[PDB]
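What you see below is based on every heavy atom in this structure, not just the backbone, and it leaves out hydrogens, waters and symmetry mates. Along the sequence shown, residues are numbered consecutively beginning with 1.
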Amino acid sequence: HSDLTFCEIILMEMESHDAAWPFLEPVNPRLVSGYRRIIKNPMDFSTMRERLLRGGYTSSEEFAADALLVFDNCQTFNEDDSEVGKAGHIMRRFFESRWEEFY
Ligand SMILES: Cc1cc2c(cc1S(=O)(=O)NCc1ccc(F)cc1)n(C)c(=O)n2C
């Protein structure tokens, strides 16, 4: 039980982070040219939240795979010095940081 509890804590702290604005909702491919073609498996914090409330995470590690997917997609699509990229680096470092001081 404590596994998914810590997932709730981490996901809530990510949802409310100052750098979280790019990842709160699915990327709108109609508005981001090329995103559909470049990113095979989109992921975002609201999709993770919907899946977590609905109970659809078996382990803490599937959760961590979805978070890492958020940041891998970010680095794949955005230059490291773009605004979304800078936000994504702050969020990724925050996630690995929080994740490790649990497990
Ligand atoms: C919020 C956001 C998150 C992103 C993103 C772009 C944006 S956004 O700020 O540009 N929103 C789309 C948009 C809005 C108005 C426009 F006129 C044009 C585009 N990318 C390229 C990503 O990988 N993530 C996660």
Evaluation steps, side chain to side chain donor-acceptor pair (under 3.5 Å), between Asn73 and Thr76: CA-CA 5 Å; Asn73 290 337; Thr76 299; 5.4 Å; no
CA sep, side-chain torsions, deciding dist, call: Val70, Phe95, side-chain contact (heavy atoms from CB on, under 4.5 Å): CA-CA 11 Å; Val70 174; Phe95 166 70; over 6 Å; no
Chi angles and distances behind the side-chain contact (heavy atoms from CB on, under 4.5 Å) call for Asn41, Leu69: CA-CA 8 Å; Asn41 300 131; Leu69 178 59; 4.1 Å; yes
Residues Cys7, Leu11; criterion side-chain contact (heavy atoms from CB on, under 4.5 Å); working and verdict: CA-CA 6 Å; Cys7 291; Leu11 179 50; over 6 Å; no
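Taking every heavy atom of both residues into account, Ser46 and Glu25 meet most closely at OG-OE1, 3.6 Å. Smallest separation of non-hydrogen atoms from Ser59 and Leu4: O-CD2, 4.0 Å. Between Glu83 and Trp21 the shortest heavy-atom distance is O-CZ2, 4.0 Å. Between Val84 and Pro22, the shortest heavy-atom distance links the atoms CG1-CB, 4.0 Å. When all heavy atoms of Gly88 and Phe71 are compared, the pair lying nearest together is O-CD2, 4.1 Å. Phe77 and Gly34 make their closest contact through CE1-C, 3.9 Å (heavy atoms, listed as atom of the first residue, atom of the second, distance).
Separating the CG atom in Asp66 from the CG atom in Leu52 is a distance of 10.0 Å, to the nearest 0.5 Å. One distance of note links CZ of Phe45 with CD of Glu15; it measures 8.0 Å at 0.5 Å rounding. Atom SG of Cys74 sits about 12.5 Å away from atom CG of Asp44, to the nearest 0.5 Å. Interatomic distance, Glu50 CD to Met48 CE, rounded to the nearest 0.5 Å: 12.0 Å. Considering CD1 of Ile10 and OG of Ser97, their distance stands at 9.5 Å, rounded to 0.5 Å. Separating the CD atom in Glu96 from the CG atom in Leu68 is a distance of 6.0 Å, to the nearest 0.5 Å.
Between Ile9 and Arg98, the closest side-chain pair of non-hydrogen atoms falls below 4.5 Å. Under the 4.5 Å side-chain criterion, counting only non-hydrogen atoms from C-beta, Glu13 is not in contact with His17. Contact check for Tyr57 versus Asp3: no side-chain heavy atoms found under the 4.5 Å cut-off. Between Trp99 and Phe63, the closest side-chain pair of non-hydrogen atoms falls below 4.5 Å. The shortest distance between side-chain heavy atoms of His89 and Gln75 falls below 4.5 Å.
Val27 is connected to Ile39 through a chain of hydrophobic side-chain contacts under 4.5 Å among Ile, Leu, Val, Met, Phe, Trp and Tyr, so both are in one cluster. Linking ILVMFWY residues whenever their side-chain heavy atoms come closer than 4.5 Å, directly or via other members, places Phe94 and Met12 in the same cluster. Hydrophobic clustering (side-chain heavy atoms under 4.5 Å, transitive across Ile, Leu, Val, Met, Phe, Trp, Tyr) keeps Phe23 apart from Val32.
Side chain of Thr5 to backbone of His1: a donor-acceptor contact under 3.5 angstrom is found. For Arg51 (side chain) and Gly56 (main-chain N/O), a donor-acceptor pair under 3.5 Å exists by modelled atom type.
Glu8 and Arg49 are joined by a salt bridge, as a carboxylate oxygen and a charged side-chain nitrogen come within less than 4.0 angstrom of each other.
Aromatic ring pairs are classed by plane angle as parallel below 30°, tilted from 30° to 60° and perpendicular above 60°; the pair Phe102 and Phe6 is parallel.
At most 12 heavy atoms of other shown residues, nucleotides or ligands fall within 6.0 angstrom of atom CD in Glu79.
For the residue pair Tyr35 / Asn28, no side-chain donor-acceptor distance below 3.5 Å is found, with atom types taken as modelled.
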